[PDB]
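Asker: Protein chains in written order, with the authors' numbering: chain B, 9 to 124; chain A, 10 to 125; chain B', 9 to 124; chain A', 10 to 125. A prime marks a further copy of an entry chain.
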Ligand SMILES: O=C(O)CCON=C1c2ccccc2-c2ccccc21
Ligand SMILES: O=C(O)CCON=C1c2ccccc2-c2ccccc21
């Protein structure tokens with residue numbers, strides 16, 4: 009909710025993308041990705057409550073949005089296995105990161121909106 | 010070829026073929042005058058709309074008839090058309106590619122401008 | 009607020025696009041665009057209160073987002089005069105239209121999120 | 010040329026030149042193996058990464074090193090890189106164009122897939 013929030017929209021139906029699985033990982037010292045947090049988007053296509061200010065320290069993070077299962081459930085053949093968003097969290101910046109993703113079967117866009 | 014239009018379909022991951030495109034130029038009386046038109050090819054591209062001589066400085070609108078496109082595929086889309094409005098050649102002649110990426114409830118448009 | 013809301017984001021700064029002028033028009037019987045509603049986006053990049061359920065009847069509407077002035081204020085040279093979103097409002101659909109726009113100097117995307 | 014990568018800069022309205030691109034293929038042990046790499050040309054395109062013979066069915070990741078790109082232009086961007094993960098050739102060989110459109114806090118990626 010507070011420091012990291014994910015929002016997913018469906019460009020085909022013009023709707024929130026509901027029940028999309030989302031996994032967050034943090035990069036470890038041996039360069040592997042450690043599970044950090046996960047959830048499914050709500051009816052408003054949002055996922056809040058992933059982490060806390062205390063836990064969300066500087067580091068490299070990856071957000072993986074399971075887009076292929078979403079399109080499969082709709083009966084629409086998709087290109088990507090999942091959308092991945094990789095970034096370094098930085099304390100000098102604003103306190104709240106919203107990772108937004110706009111999905112189509114053969115294309116996606118992602119935007120970070122970083123606010124105080 | 011100072012003006013080229015390229016249209017892609019984000020649902021099918023393909024060129025958007027046979028899409029109507031109308032170009033207008035703003036007249037002295039602030040009205041939109043017809044300038045040129047055509048339909049995208051099998052590669053989703055429309056070349057030959059104008060010439061360097063004809064393509065003078067001015068404000069231009071490129072209307073891409075996306076609703077007709079989606080309707081012919083059985084889809085009822087949100088937008089009537091994608092409109093792209095810009096001032097051209099104000100620093101001297103340039104080569105413009107107007108790209109549009111289409112989904113039923115979303116589109117994006119990008120200009121790629123090169124100095125000949 | 010209720011039936012029509014506009015949201016604008018800045019892809020360069022990863023922020024809401026604040027103080028962007030937005031004009032809405034409705035198409036008249038003589039095929040001209042009549043001013044309908046307008047405003048400036050807030051600090052959260054949103055514009056609410058444009059119209060009411062009573063006033064927002066079926067018809068063709070155009071939302072014009074004054075992107076060029078926004079980029080000029082930032083000292084960044086932009087391509088488009090403005091982003092235009094043209095659509096037919098339809099009572100058979102959901103009750104609430106959010107027109108979202110993601111802005112970069114040479115590209116923009118727009119998405120309609122239509123909800124109940 | 011079964012795999013081509015095209016990268017555009019949405020701030021400058023130009024090809025994104027000299028951008029590093031790394032392709033990986035998922036191995037039998039579920040790890041990512043290096044497959045091919047290169048840098049975009051003056052046209053923002055990268056051709057010649059692979060051959061029809063080499064490009065067998067599998068899961069592929071295309072990593073586009075967008076952070077290095079923006080840094081060299083004086084911009085500190087949000088993402089580390091744009092990642093594009095997909096299953097290839099599962100219905101037989103195809104020709105794939107992976108396009109990426111870049112802004113400092115946003116990117117979009119689109120696949121255009123043609124049957125030879
Ligand atoms: O943090 C903030 O101020 C808001 C975070 O973003 N909200 C977004 C939002 C809300 C409603 C409908 C569409 C969108 C959207 C589309 C593309 C990109 C971002 C956003
Ligand atoms: O937004 C996105 O994901 C991509 C938007 O552009 N795609 C483009 C694209 C895709 C395949 C082949 C050629 C082109 C191209 C040429 C000139 C200008 C733009 C684009």
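The beta-carbon is built from N, C-alpha and C at its ideal position, and this holds for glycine as well.
1. Take the Cβ of residue 18 (chain B) as the centre, count every other Cβ of all protein chains shown within 10 Å, and call the residue buried at 16 or more, exposed below.
2. Hey, which unbroken runs of the beta strand (DSSP E) at 3 residues or more fall wholly within the region 58-118 of chain A?
3. Which word fits residue 91 (chain A'), buried or exposed, when buried means at least 16 other C-beta atoms lie within 10 angstroms of its C-beta?
4. Output the residues surrounding ligand 2, defined as those with a CB atom closer than 6 Å to any ligand heavy atom, in chain order.
5. Suppose you measure from the CA of residue 88 (chain A) to the CA of residue 68 (chain B'); what does that come to, to the nearest Å?
6. Excluding the five sequence neighbours on either side, which residues of its own chain have a C-beta within less than 6 Å of the C-beta of residue 123 (chain A'), listed in chain order?
7. Measure from the C-beta of residue 29 (chain B) to each C-beta in chain A' and report whether the shortest distance is under 7 Å.
8. Kindly indicate which residue of A':66, A':71, A':113 has the alpha-carbon position closest to the one of residue 98 (chain A').
9. Could you check if residue 80 (chain B') is buried or exposed, using at least 16 other CB atoms within 10 Å of its CB as the buried criterion?
10. Please list, in chain order, all residues of the same chain as residue 74 (chain B') whose beta carbon is under 8 Å from its beta carbon, the five residues on each side excluded.
11. My output table needs one value for residue 11 (chain A): the three-state DSSP class, helix, strand or coil.
12. Have a look at residue 50 (chain B') and residue 48 (chain B) and give me their C-alpha separation to the nearest angstrom.
13. Determine, using beta carbons only, whether residue 3 (chain A) comes closer than 7 Å to chain A'.
14. Taking 7 Å as the CB-CB limit, is residue 78 (chain A) close to chain B'?
15. Rounded to whole angstroms, what is the Cα-Cα separation between residue 57 (chain A') and residue 10 (chain A')?
16. Alpha carbons only, please: which of A':71, A':53, A':33 is nearest the one belonging to residue 21 (chain A')?
17. Hey, residue 15 (chain A) and residue 108 (chain A): beta-carbon distance below 7 Å or not?
18. Does the distance from the CB of residue 117 (chain B') to the CB of residue 117 (chain A) come in under 7 Å?
19. With respect to 6 Å, is the separation between the Cβ of residue 123 (chain B) and the closest non-hydrogen atom of ligand 1 below this value?
20. Skipping 5 residues on each side, what residues in its chain have a beta carbon closer than 7 Å to that of residue 45 (chain A)?
21. Report yes or no: is there a C-beta of chain A' within less than 7 Å of the C-beta of residue 19 (chain B')?
22. Using a Cβ-Cβ cut-off of 8 Å (strictly less than) and excluding sequence neighbours within five positions of residue 62 (chain A), which residues of its own chain qualify?
23. Just checking my contact of residue 110 (chain A') with residue 115 (chain B') at CB under 8 Å: how many whole Å lie between their CB atoms?
24. The beta strand (DSSP E) spanning residue 42 (chain A') covers which residue range?
25. Using only alpha-carbon positions, find the residue among A':83, A':39, A':78, A':55 that is nearest to residue 106 (chain A').
26. So, with DSSP's three-state summary, where would you put residue 34 (chain B)?
27. As a quick exercise: from B':95, B':102, B':83, pick the residue whose alpha carbon is nearest that of residue 112 (chain B').
28. Does residue 52 (chain B) come out as helix, strand or coil in the three-state DSSP assignment?
29. When you compare only the Cα positions, how much space is there between residue 26 (chain A') and residue 76 (chain A')?
30. Within its chain, find whatever has a CB closer than 7 Å to the CB of residue 42 (chain A); leave out the 5 residues flanking it on each side and keep chain order.
31. I need the straight-line Cα distance from residue 38 (chain B') to residue 24 (chain B'), nearest angstrom please.
32. Alpha carbon to alpha carbon, what distance is there between residue 71 (chain B') and residue 12 (chain A)?
33. For the region 79-106 of chain B, list every residue whose C-beta sits within 8 Å of some C-beta in chain A', in sequence order.
34. Between residue 115 (chain B) and chain A, is any beta-carbon pair separated by less than 7 Å?
35. At a CB-CB cut-off below 8 Å, which residues of chain B' make contact with residue 121 (chain B)?
36. Cutting at 6 Å between CB atoms, please list the residues of its own chain near residue 125 (chain A), excluding the five before and the five after it.
Answerer: Checking against the coordinates, here is how it stands:
1. Answer is buried; the Cβ neighbour count reaches 16.
2. Complete beta strand (DSSP E) runs here, min 3: 67-73, 88-97, 104-112.
3. Buried, since its Cβ has 16 or more Cβ neighbours within 10 Å.
4. That gives B:115, A:15, A:17, A:106, A:108, A:110, A:117, A:119, A:121, A':15, A':17, A':106, A':108, A':110, A':117, A':118, A':119, A':121.
5. For residue 88 (chain A) and residue 68 (chain B'), the gap between their C-alpha atoms comes out near 10 Å.
6. The residues are 104.
7. No, residue 29 (chain B) does not count as interfacial toward chain A'.
8. The shortest Cα separation from residue 98 (chain A') among A':66, A':71, A':113 belongs to A':66.
9. Exposed.
10. Contacts found: 28, 29, 30, 31, 90.
11. DSSP, read as helix, strand or coil, puts residue 11 (chain A) in coil.
12. About 30 Å.
13. No answer is possible for residue 3 (chain A): the residues shown for chain A start at 10 and end at 125.
14. Cβ-Cβ to chain B' under 7 Å: no for residue 78 (chain A).
15. Taking the straight line from one Cα to the other gives about 6 Å.
16. In terms of CA proximity to residue 21 (chain A'), A':53 leads the group A':71, A':53, A':33.
17. Residue 15 (chain A) is a Cβ neighbour of residue 108 (chain A), given a cutoff of 7 Å.
18. Yes, these two residues count as a Cβ contact at 7 Å.
19. At a threshold of 6 Å, residue 123 (chain B) counts as near ligand 1, since its beta carbon sits closer than that to one of the ligand's heavy atoms.
20. If you ignore the 5 residues before and after residue 45 (chain A), its C-beta comes within less than 7 Å of the C-beta of 32, 58, 59, all in its own chain and listed in chain order.
21. At least one CB atom of chain A' sits nearer than 7 Å to the CB of residue 19 (chain B').
22. Cβ within range, chain order: n/a, list empty.
23. Contact between residue 110 (chain A') and residue 115 (chain B') is confirmed by a C-beta separation of about 6 Å, below the 8 Å threshold.
24. Following the DSSP letters along the chain, one finds residue 42 (chain A') inside the beta strand (DSSP E) bounded by residues 41-48.
25. Minimum Cα distance to residue 106 (chain A') is reached at A':55.
26. DSSP places residue 34 (chain B) in strand when its eight states are reduced to three.
27. Comparing Cα positions, the closest option is B':83.
28. Three-state result, residue 52 (chain B): coil.
29. Across the structure, residue 26 (chain A') and residue 76 (chain A') are spaced so that their CA atoms are roughly 13 Å apart.
30. So the list reads 33, 34, 36, once near-sequence residues are dropped.
31. Each residue's Cα considered, the two are about 37 Å apart.
32. A straight line joining the alpha-carbon of residue 12 (chain A) with that of residue 71 (chain B') spans about 26 Å.
33. Taking 8 Å as the Cβ-Cβ cut-off against chain A', the residues of the region 79-106 of chain B that qualify are 87, 88, 89, 90, 92, 93, 94, 95, 96.
34. Answer yes: the Cβ-Cβ gap between residue 115 (chain B) and chain A drops below 7 Å somewhere.
35. Near residue 121 (chain B) (Cβ distances below 8 Å), the residues of chain B' are 17, 22, 23, 24.
36. Here the set comprises 104.
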